[PDB]
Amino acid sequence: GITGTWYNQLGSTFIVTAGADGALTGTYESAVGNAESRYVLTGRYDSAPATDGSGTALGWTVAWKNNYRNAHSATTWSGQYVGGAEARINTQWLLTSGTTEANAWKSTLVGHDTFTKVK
């Protein structure tokens, strides 16, 4: 139920494939999805979740560098997949930028994204 295209509420598109081994591989891109806006994503998920109605734990990372741009930062999303008619992936994320030692205290932003199968 995880493999496929996901959309958040910020205009971003998440395309991912869930391997039988627990691997998550894919691309994170803008609403448009031009070459310069595509970034590699890699992650892991629980390939054998509980059957009591609990969500499926997962997480992935995207370093904001591709063959055209580099934002010297990386974001990690941590959350869970919930199946059903209204399937969604609820996450909280951490975006860390490369900084000098003096600015290390303000190097990390925190937020939350909800991804759905429909725009």
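Residue indices: 1-based, along the sequence shown. Between two forms, the rigid core is defined as the largest C-alpha subset superposing within 1.5 Å.
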* To do: May I ask which stretch, 84-92 or 27-35, sits farther from the shown form in 4 other deposited structures of this protein once every structure is superposed on the core, judging by RMS CA distance?
  => 27-35
* **Between 36-44 and 53-61, larger RMS Cα displacement in 4 other deposited structures of this protein after core fit** => 36-44
* Going by the average Cα B-factor in the PDB entry, point out whether 78-86 or 59-67 comes out higher. => 78-86
* **Comparing 7-15 with 100-108, the one whose average Cα B-factor in the PDB entry is higher** => 7-15
* Asked: According to the deposited entry, which of 42, 47, 73, 54 has the largest Cα B-factor?
  -> 54
* Once the chain's modelled residues are ordered by C-alpha B factor and cut into thirds, is residue 34 in the lowest, middle or highest one? -> highest
* C-alpha B factor of residue 23, ranked within the chain: lowest, middle or highest third? -> middle
